[PDB]
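Presented below, as structure tokens, is a lone chain in the form deposited in one PDB entry.
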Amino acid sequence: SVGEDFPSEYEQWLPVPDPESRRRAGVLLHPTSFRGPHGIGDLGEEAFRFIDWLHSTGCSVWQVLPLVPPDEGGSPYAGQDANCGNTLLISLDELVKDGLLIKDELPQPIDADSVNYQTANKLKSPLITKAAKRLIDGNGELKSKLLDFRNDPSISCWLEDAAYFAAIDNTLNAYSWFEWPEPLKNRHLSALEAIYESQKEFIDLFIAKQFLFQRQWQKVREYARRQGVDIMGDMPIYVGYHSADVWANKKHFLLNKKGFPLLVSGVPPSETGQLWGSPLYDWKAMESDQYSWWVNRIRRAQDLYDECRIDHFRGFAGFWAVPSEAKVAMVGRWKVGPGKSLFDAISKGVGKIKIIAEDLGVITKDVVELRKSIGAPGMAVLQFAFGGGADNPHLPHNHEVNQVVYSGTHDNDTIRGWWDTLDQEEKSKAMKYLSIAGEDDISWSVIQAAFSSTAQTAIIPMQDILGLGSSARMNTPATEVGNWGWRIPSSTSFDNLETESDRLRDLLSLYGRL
């Protein structure tokens, strides 16, 4: 009460920092980029080595791209399935440790400066298949865990649909499921039973391969956790038309009576538009079963990652809808998204989640309110900070605490590449704001700025830590060829980055991110 003495412990009653507010940093590196002899990175020794190296820097976050099966061009964003793992990430050496292969079966190593997906498939698939076959034919512990995995309801609600879809796709020569014969197209029960009988082996193998992915990924994830590293994933808001996700859940999407999309995704114009062409969600239909499809999707995301970015988060508040009949995106309209009620349903369904909102480009007031109402951080990207004036939200003095700052993403050139093509004027702006030593180390200047931010989380692509140029760019949007291929040079091992590790640690130390 007012005017009275405090207890003797008043002087010691200091403010304690909230542990959920802890400043941190991390590295963006997709596992396909790891070194190794089999044409593609994988979840074996290089993953653990990278985790050790990451830990040694003081970083506590590892961000990956979606771990789904990619398209033939390698893209993790136009995947074949929203919940399955990319089986080409499976490590053959780890299969040997599991007793599912022997050393003499391993293929001769190949040089692959960049990932060629066709080549990695030819090399690895037969062996993964053979391992899966031995797993299914065995009795004993590993087989017993396959069964737990298979009969786990949170797995089976997506895994059986995915396996049947893949069995049918394998059996049929057809562009997409729109062209399937009606009983398969529309999942007649006795058609599905007939598929299980006739493609039983394929289905059991597919399931086995997903188990093996899951097992290897969970080991990487538990090892990260033991080293104090959280794993941050990514998911596109939309899924592709030719997938189990759509085919097994037609009523949750905006399709006509024949299963063809009424409306597809995109954004309006600086252009004639941009037509992505994904089917759109039927959000009122989803509302009627408490958003169960999205709840399951997040449950799988939780299973894979500690935290997850959602690409095109703005779509939850309002989305651009183009007539499927159209060739340009400029003919669409904006539709009302589900807003917070979706996230309420997810919370009741799954508990606490950690979502990052990709909120780049021009966005509307409702996007910002939705993001803030669920407490999700947005993004800042230093590479975008030097156009326009001092109100540019990517400039450090405009950063927020509840935010993730990047030097650049997988969609941007490396900092060195970006610097090299930077327009004079943007460059002189940058020179004033950044602390730049030699232009060779331009990537460290940007890294330092990212770390000096008030944003709680700073993420740096591995390409920038390695100071690489444009040829190490992961993706160039709106190109159909030559993306997703980057690998750590075969020369650079995690034993050979002590200087880089020290330099990062010193910066994290200085800006309070350790």
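The first residue of the shown sequence is 1; numbering continues from there. Whichever C-alpha set is largest while still superposing within 1.5 Å between the two forms counts as the rigid core.
Not pictured, yet referred to below: the form deposited in another entry.
For this session: After superposing the two forms on their rigid core, pick out the one entry in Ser347, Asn402, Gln218, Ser324 with a CA shift of 2 Å or more between this form and the one not shown.
Result: Flagged residue: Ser324.
Exercise. Can a Cα shift of no less than 2 Å be assigned to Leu127 between this form and the one not shown, given superposition on the rigid core?
Worked result: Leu127: C-alpha displaced by less than 2 Å between this form and the one not shown.
Exercise. Would you say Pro107 moves between this form and the one not shown, meaning its CA shifts by 2 Å or more once the core is fitted?
Worked result: For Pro107, whose C-alpha is compared between this form and the one not shown after core superposition, the shift is less than 2 Å.
Exercise. After a core superposition, would you say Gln12 shifts its C-alpha by at least 2 Å between this form and the one not shown?
Worked result: Yes.
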